[PDB]
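Survey of secondary and tertiary structure
This is what each chain is made of:
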2 protein chains.
Amino acid sequence: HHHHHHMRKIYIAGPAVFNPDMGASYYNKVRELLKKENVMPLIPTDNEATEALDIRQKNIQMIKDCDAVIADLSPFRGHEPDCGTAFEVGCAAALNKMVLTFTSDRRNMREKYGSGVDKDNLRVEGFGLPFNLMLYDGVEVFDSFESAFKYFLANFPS
Amino acid sequence: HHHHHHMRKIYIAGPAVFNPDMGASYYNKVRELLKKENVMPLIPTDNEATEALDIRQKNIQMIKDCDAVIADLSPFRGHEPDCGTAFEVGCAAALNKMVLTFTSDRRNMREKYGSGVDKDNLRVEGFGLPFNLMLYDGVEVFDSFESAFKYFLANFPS
Ligand SMILES: Cn1c(=O)ccc2ccccc21
Ligand SMILES: Cn1c(=O)ccc2ccccc21
């Protein structure tokens, strides 16, 4: 009776932070969706510090503390995902965390670039994946935050 | 007495793999530089597999095996570093590996973009750093592979 109960936690990785509203609209939708399932969002801008290294360390700690990462690997400033988000996905992988990814554009890299090379003749990967192969770990690439969250609920029960 | 001797190893992270020559010219220079100090380069294309997941897993294992990562965070397809490289830097950070970075362009992000926002009004970070703040851990951002390697030799002796 009255045993400790773990509250599930998801790190909310993605470039929403660079939106004009600093991600408010995105994060508010995330907060509302997760609240219904008693899941805590760990959001990059929470209790934000002023120094770069402190912001970084707090985000790494959120990844260490999380049960899963849901990462927005949508195109950012071109066809490639955000590198900060990629760093966080790498952190999560090394820590053996559940990593779930989605993107607004699921086409293969070569379809995105329209060729096996970019405008500067640099090679575009040909593995039938929507982004750099380091970012794919065998879990389905989802089409939305919500679809990724459904996988979380099915595969990480309370 | 013939005790075991550790050979130092550096993971060679960066988008050279996408050069037309698949990074041969870059990796050859790395090999020659490291050979002089009896340091082993762990190069992403070594013993390369055919399946994406296998290539990824082998690269993660190289990061686990390394003493340091030297990461080329130069602009790739714009002002941002390569996301694969960023993933690898995050992997190394989570594993408490020495991470050393360089770039061909050390200007602050806002200098690179010429503004506090990009062409689509998305926020450009203002922390006096050359790239996404997750990629900076307090070690100097070097100007070349060689300068990073000099730091390695000074700070990770045989
Ligand atoms: C601006 N900013 C934040 O305000 C919070 C987290 C964060 C992480 C990576 C890059 C930039 C970030
Ligand atoms: C094409 N390719 C390789 O051939 C080898 C490693 C690797 C790592 C990330 C992304 C692409 C890669």
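Above this text is the structure in question.
Moving on: the overall build of chain A. Counting its secondary structure elements, chain A contains five helices and four strands. Along chain A, helices (α) and strands (β) appear in the sequence β-α-β-α-β-α-β-α-α when read from the amino end. In summary, chain A has a C-alpha radius of gyration of 16 Å against a globular reference of 15 Å for 158 residues, a match within 12%. A principal-axis box enclosing the C-alpha atoms of chain A has dimensions of 65 × 35 × 30 Å. Taking all 158 residues of chain A together, 49% fall into the buried category. Contacts in chain A between residues far apart in sequence, at least 24 positions, make up 67% of those at least 6 positions apart. Total accessible area on chain A is roughly 7,700 Å²; 49% of this is exposed by carbon and sulfur atoms. If you average the places of the 18 positive and of the 22 negative side-chain charges in chain A, the two averages end up 2 Å apart.

For the pair chain A and chain B, the relating rotation is 180 degrees, the translation along its axis is 0.0 Å, and the fit reaches an RMSD of 0.1 Å. Given the turn and translation reported, the copies of this chain are related as if by a two-fold rotation axis. When the interface residues of chain A are mapped onto chain B, 100% of them again lie at the interface, so the same face is used by both copies.

Here we come to helix α5 (residues 145-155) of chain B. All names here are of chain B. The complete set of buried residues in α5 reads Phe 145, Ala 148, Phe 149 and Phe 152. Along the long axis of α5, the arc covered by the buried residues comes to 100 degrees, so they all point the same way. Summarising the geometry of α5, the exposed residues directed more than 90 degrees from the buried face are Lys 150 and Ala 154.

Taken residue by residue, the interface counts 45 residues in chain A and 45 residues in chain B. Around 3,900 Å² of area is buried between chain A and chain B when both sides are counted, 69% of it from carbon and sulfur atoms. Looking only at chain A, the three residues that lose the most surface to chain B are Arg 77, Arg 123 and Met 134 of chain A, adding up to 21% of its buried area. Applying the counting criterion to the chain A and chain B interface returns four salt bridges. In this structure, the salt-bridge partner of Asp 118 of chain A is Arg 77 of chain B, at a minimum N-O distance of 2.8 Å. There are 14 residue pairs in polar contact connecting chain A and chain B.

Glancing now at the packing of helix α2 (residues 52-65) of chain A against helix α3 (residues 83-94) of chain A. The packing of two helices is summarised by the inter-axis angle and the distance between the axes. All names here are of chain A. In contact at an axis separation of 10 Å, α2 and α3 are set at 45 degrees when each is read in the N-to-C sense. Here α2 lies oblique to α3, going by the angle between them. Crossing of α2 against α3: the hand is right-handed. Counting all contacts with α2, which are made through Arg 56, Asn 59, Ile 60 and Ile 63, the residues of α3 involved are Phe 87, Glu 88, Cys 91 and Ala 92.

What follows concerns the site of ligand 1. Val 17, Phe 18, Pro 44, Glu 48 and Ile 55 of chain A together with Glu 125, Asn 132, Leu 133 and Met 134 of chain B make up every residue found near ligand 1. More than one chain reaches ligand 1: its neighbouring residues belong to chains A and B. One nitrogen or oxygen atom from the side chain of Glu 48 of chain A is found 2.9 Å from an oxygen atom belonging to ligand 1. Notes on ligand 1: free accessible area 300 Å², of which the protein chains cover 97%. When its residues are assigned to classes, the shell around ligand 1 shows six nonpolar, one polar and two charged.

The rules behind these values
Residues numbered from 1 in each chain as written, not as in the entry; some residues may be left out. Chains lettered and ligands numbered in written order. Heavy atoms only, no water. Helix = DSSP H or I, 4+ residues; strand = E, 2+ residues; numbered from the N terminus. Rg over C-alpha atoms; globule rule 2.2 N^0.38 Å. Buried < 20%, exposed > 50% of the residue type's maximum accessible area, 1.4 Å probe, protein only. Contact = heavy atoms within 4.5 Å. Areas by Shrake-Rupley, 256 points an atom, 1.4 Å probe, with all protein chains shown as cover. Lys, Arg positive; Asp, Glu negative; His and termini not counted. Charge placed at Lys NZ, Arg CZ, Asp CG, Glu CD. Least-squares fit on C-alpha atoms. Arc of directions from axis to C-beta. Buried area = accessible area lost by both parts, 1.4 Å probe. Salt bridge = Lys/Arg side-chain N within 4 Å of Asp/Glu carboxyl O. Polar contact = N/O pair within 3.5 Å; in protein donor to acceptor, adjacent residues only side chain to side chain. Axes fitted to C-alpha atoms, helices over the stretch in contact; angles between N-to-C directions. Parallel < 35°, antiparallel > 145°, perpendicular 65-115°, else oblique. Left-handed = near helix turned anticlockwise from the far one by under 90°. Near = heavy atom within 4 Å. Nonpolar A, V, L, I, M, F, W, Y, C, P; charged D, E, K, R; others polar.

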